[PDB]
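A lone chain, given as structure tokens: the form solved without this ligand.
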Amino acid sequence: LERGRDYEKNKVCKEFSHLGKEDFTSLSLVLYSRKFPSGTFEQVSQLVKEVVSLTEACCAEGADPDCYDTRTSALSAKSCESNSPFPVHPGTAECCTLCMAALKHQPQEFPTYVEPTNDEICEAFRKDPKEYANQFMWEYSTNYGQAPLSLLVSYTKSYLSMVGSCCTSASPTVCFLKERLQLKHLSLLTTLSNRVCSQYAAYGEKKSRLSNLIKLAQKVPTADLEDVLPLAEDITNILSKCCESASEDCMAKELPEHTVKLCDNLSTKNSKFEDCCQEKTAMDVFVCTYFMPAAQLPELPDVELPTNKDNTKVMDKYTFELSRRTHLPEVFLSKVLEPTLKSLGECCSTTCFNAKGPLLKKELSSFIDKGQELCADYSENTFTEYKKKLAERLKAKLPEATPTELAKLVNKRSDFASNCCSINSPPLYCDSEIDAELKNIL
């Protein structure tokens, strides 16, 4: 059955009545902030102001049955004024002629939000509690907008309840330690869900799946496909299900349950995973397994790129095997394996795999070698030590380069490595920089 023509109206009115104008305004500040990540504090506060106005009016007893649908359209009309006081999704204009109801916004891979010190937090809270709370809901939600809405509302709510409670405490510092530890669960759930969901949003279910298999393979190289594949597939399913779900339990419930499986199956296969699984709660474990770096790879003989006739378990097997033995970050592997399996597939008939096989095998081999050079030394040394060796590398390969030029290439390369040579490098950003870096490869 299809949702009622007025599914939205009845929803907002039901919320406005259950929460009151103040809390509904907060709910809306968070909601439109995550929806418009690039929106200034005033464009979002202004829009939120209009939304709450229409809602109050159109939900009022005796309100014209057309009200809500009429005002919301006059709201969209204003969003096309060019000199509009409202935010705007990428290319919202190419729609101002209802796509403006559900348009996409890319994830934030480099959040700028920086929680101020306790002293600064309380200094701003004293000045103006309402202001502080609003500015906070905006900046936080715009920076971690990929986390489910219920999680953002719940976290920003509990966080503010902490500031008000600790800034007026006889022992602020003591209160903050207590409150921050009780907030840990939700805080971790919120920030981590945003991150995993942003990666998911950037990749899409298919790449995401592959990505999680690659990453799990690099964390536990000495594991069996059957040990990780089910896990990589489990998280992908939780991602596609919970990242964009109004169910205020999906993520909150699913994520902790994934961690239990993670530990049940991987606890006894790696020293690091054992340590991770010894943590107190699920989220403490998840943060540990999520941050776990690519491990020292076993180093085995080369792997063959499947090119026979052939469900979908041979390519998974190959990915697993390749990644567990190739020292190259996941953003590189995901970047090349995608357009490599698109070729093998569009091949299937047999004659094809005989003219492409060698073609795909070489480019992939060439790609892998290129990345290993762009990421050379990065993982094995402290950053300052990596920069030295790098300069030593680039020097003996550019004898005519002036000390100044040399240092310019060093800075550029190391800058790239600090962003795209680790296990959780940002997909959207690195996919574009990898292209550029390869061209300049030298």
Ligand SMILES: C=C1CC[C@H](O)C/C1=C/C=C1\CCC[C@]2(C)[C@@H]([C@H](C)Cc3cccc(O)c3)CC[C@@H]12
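Throughout, we count residues from 1 along the sequence that is shown.
Keep in mind the form deposited with this ligand bound is missing from the figure; the text below concerns it.
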query: Heavy atom contact within 4.5 Å of this ligand in the deposited complex, the stretch among 139 to 147, 69 to 77, 122 to 130, 312 to 320; finding: 69 to 77
query: Contact at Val196, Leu231 and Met283 by this ligand in the deposited complex, all three, heavy atom at most 4.5 Å; finding: no
query: Heavy atom of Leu409 within 4.5 Å of this ligand in the deposited complex; finding: no
query: Contact test in the deposited complex: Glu433 vs this ligand, heavy atoms, 4.5 Å; finding: no
query: 4.5 Å heavy atom contact, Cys59 and this ligand in the deposited complex; finding: no
query: Any non-hydrogen atom of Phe36 within 4.5 angstroms of this ligand in the deposited complex; finding: yes
query: Listed residue (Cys250, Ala202, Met100, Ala295) with a non-hydrogen atom within 4.5 angstroms of this ligand in the deposited complex; finding: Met100
